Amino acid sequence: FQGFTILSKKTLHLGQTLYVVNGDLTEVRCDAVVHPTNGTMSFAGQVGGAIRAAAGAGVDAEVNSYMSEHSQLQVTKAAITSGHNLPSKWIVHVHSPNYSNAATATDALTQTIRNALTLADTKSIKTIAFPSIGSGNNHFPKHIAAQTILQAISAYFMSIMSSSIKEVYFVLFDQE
């Protein structure tokens, strides 16, 4: 349906709808998609390559301007650029944590999700789509990533009084 298998739906604390779906993040037409990247904001990751192909060269200039001013996106932190030719309006870039330390990696992933949602909310983003951050090149076990991200999303809306965000999509991905 519209590029995706729709697996489940849940209502969150402030009336958000959380969908778990399976498909290609870059085919989501919403306000923002979330790009798991590193401190240089490259598109070298698995998702990142697909985002860069769908967005086109325009996205490069915005990333370059940001990196020219800031030099680094710190781990777990987020930054936003236009999505250019992507179906989605914005890209929320997050410096994805590595699964170097199972004992602290889930805390870092939780914080990454919360930082992405926080930043999206300041931009009045209404719909946002997350891939399984960390579980590709950064080696999170898939089930630990899913559980941690889904719990982080629910907890974010438990922790605030108001939000512009109305739907969150968690996008699972099978293979190329």
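The first residue of the shown sequence is 1; numbering continues from there.
| Quick one: higher average CA temperature factor, 42 to 50 or 103 to 111? | Averaged over C-alpha atoms, the B-factors run higher in 103 to 111.
| task | Would you determine, from the values in the PDB entry, which of 155 to 163 and 20 to 28 has the greater average C-alpha temperature factor? | result | It is 155 to 163.
| Of the residues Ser82, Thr76, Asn98, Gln72, the one carrying the largest Cα B-factor as recorded | So the option with the highest C-alpha B-factor is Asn98.
| Largest Cα B-factor, entry values, listed residues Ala120, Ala57, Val33, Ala146 | Going by the entry's C-alpha B-factors, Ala57 comes out highest.
| query | Taking the entry's C-alpha B-factors for this chain, is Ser124 in the lowest, middle or highest third? | reply | According to the entry, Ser124 has a C-alpha B-factor in the chain's highest third.
| query | Once the chain's modelled residues are ordered by C-alpha B factor and cut into thirds, is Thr37 in the lowest, middle or highest one? | reply | Its C-alpha B-factor, which the entry lists for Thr37, ranks in the lowest third among residues of this chain.
| said: For the chain shown, is the CA B-factor of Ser132 in the lowest, middle or highest third of its modelled residues? | reply: It belongs to the lowest third of the chain when residues are ordered by C-alpha B-factor.
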